[PDB]
Structure formats: structure tokens, C-alpha cells
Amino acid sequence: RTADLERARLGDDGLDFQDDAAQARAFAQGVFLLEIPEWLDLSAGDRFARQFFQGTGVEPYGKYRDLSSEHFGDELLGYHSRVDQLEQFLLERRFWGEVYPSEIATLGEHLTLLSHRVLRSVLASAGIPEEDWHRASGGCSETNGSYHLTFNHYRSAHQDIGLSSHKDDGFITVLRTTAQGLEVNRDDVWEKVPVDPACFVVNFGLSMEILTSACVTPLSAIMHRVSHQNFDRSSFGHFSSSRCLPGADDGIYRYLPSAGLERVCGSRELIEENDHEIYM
């Protein structure tokens, strides 16, 4: 089974689906395809995902395997071997300019502003007053959220699922994938996400679900996984969360229609609990 996802594009007015019914389905499912801008170069990011795990013998990106949690004072960051086939390199935007290769930081900045534009179209369709967007999004309705540019490599030799079923933590994930393996559970059936290297996959995360859970049309965080890989696979994604710095956490809120925002938990708190459940 392959999912029939709606396709969108970023245009002069924001997210453009084929019509209003198509936007409504896409937002209800919590997953759709987004056309990649023709000027946007993804080849350095593609190369980074193929290389980051390989060590200093492999140029220019293999040396990032050596950067663990500890070099960043944030357990979330650096190279992480997961219990699934997946291994990752995760870096939050405050470190991009200093730590990533300059062309990788550039990529992360393009994706941040693209995701920013995507998120603002979603918030407008949710009927949340604009003056509440910054607090409801922990800064992602502007450019003051926390942003992780995360690179993924699936070790086909590991006898695990590729990546366990899960929801992402945040508001928006912009996923770059060029090979089969991603599956989504929109209703109660698992379905393959069709591969289209001209489109990103756009997902909503748990924060979008929490934020809109009391709205007239709640938006859901899509349950997704990566099936066991028999050959290697790589990908990367840009993740937007309520600002979750150590000691400067914007928090997670739900919107109560006609009332305002009610605090639910911390952003880092939600990330830690989610990561814990994904991998145990």
C-alpha cells in the first residue's frame, strides 16, 4: 500500500494546495508533499547524510561522527547511535554557524525560513489570533524557535526496524528523503510514503497536535516509521520546536478557543519524554 498524499507548493500567498478540500485533507492527516524550490541546492545535505557517520578518514563530512553529546553541553546534540538501525547527527541552529560546514549551515537557514512560511500558513488556517502565534509556537511563527537539522543513516546490517513508529516532537518537520522506507499510519493502516526526490515530506509533530487539540478541526501529528532496511538508506530533516534551550524554555501550549493559551509542559520536557518512548 502506498499513501496518496496531497501535494503543495509555496507561492506568493503561502502554501498553495490544488484547492481548499485538498488543503483540508492534508492538514487533517498531518502529512503532505511540498515541492522543493528549484533554486535550492540539496546536494551538500545529501552528501552529509551519506558521510557523517564514517569518521575522519572520509572527507569532507565524516569527521562529524567524532562530535558526541559532550562537545555541546546538550545531550540531544552531536552523533547518536540509536537502538534501531538509525544513527544520527543532530545539531540545533545556535551551533550551525560555528560547528557545521558553512554550506550546511546555509542549507539549514534556507529550510528554517521555508518552514517558517509553511508554519504561518497552518496557523492562519487554525483560527488562532495572530498576536498569539509567537507564544503558541514558542518562536517558530517568527525565527526564534529551536531548529534541529538532523541527518539520518540506516545501518542495514543491524537487525532492527529502521526507525520505530513515533510522532515528531515539534510543530513542523521538513523531511528530505530520496529512497523507499518511510511509512505513515494515517487512519489505522500502515502505508508507504511514495518517493519523490522533487518534494519534501512535511509532517506535523506533537506540539502541533497539542496546540490544536481543542480547535474545531484538531490537527494531528502523523505516526510514522522507517521499515527495516536491507540496504543502506540516508535522509535528513529540519525540525521546528518551541524554543527548548537549556535554561530558556518557551514551553508547550494548547489553544483554548475564545480564551487563549494554556501551558501544557516544557519543550525540552516533551522532547525528552518523546525520545524515551520512541526508543524503549
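C-alpha atoms forming the largest set that superposes within 1.5 Å between two forms make up the rigid core. Residue numbers here begin at 1 and follow the sequence given.
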item	value
Core-fitted comparison in 7 other deposited structures of this protein, 10 to 18 vs 262 to 270, farther C-alphas	262 to 270
Between 249 to 257 and 236 to 244, larger RMS Cα displacement in 7 other deposited structures of this protein after core fit	249 to 257
Of 131 to 139 and 111 to 119, the stretch whose C-alpha atoms average the higher B-factor in the entry	131 to 139
Stretch with the higher entry mean CA B-factor, where the candidates are 229 to 237 and 248 to 256	248 to 256
From 207, 125, 178, 85, residue of greatest CA B-factor	125
Residue 215 - Cα temperature factor, lowest/middle/highest third of chain	highest
Record-listed C-alpha B factor of residue 46: chain third	lowest
CA B-factor placement of residue 68, once the chain's modelled residues are sorted into thirds	highest
Residue 194 - Cα temperature factor, lowest/middle/highest third of chain	highest
Chain-relative CA temperature factor third for residue 29	highest
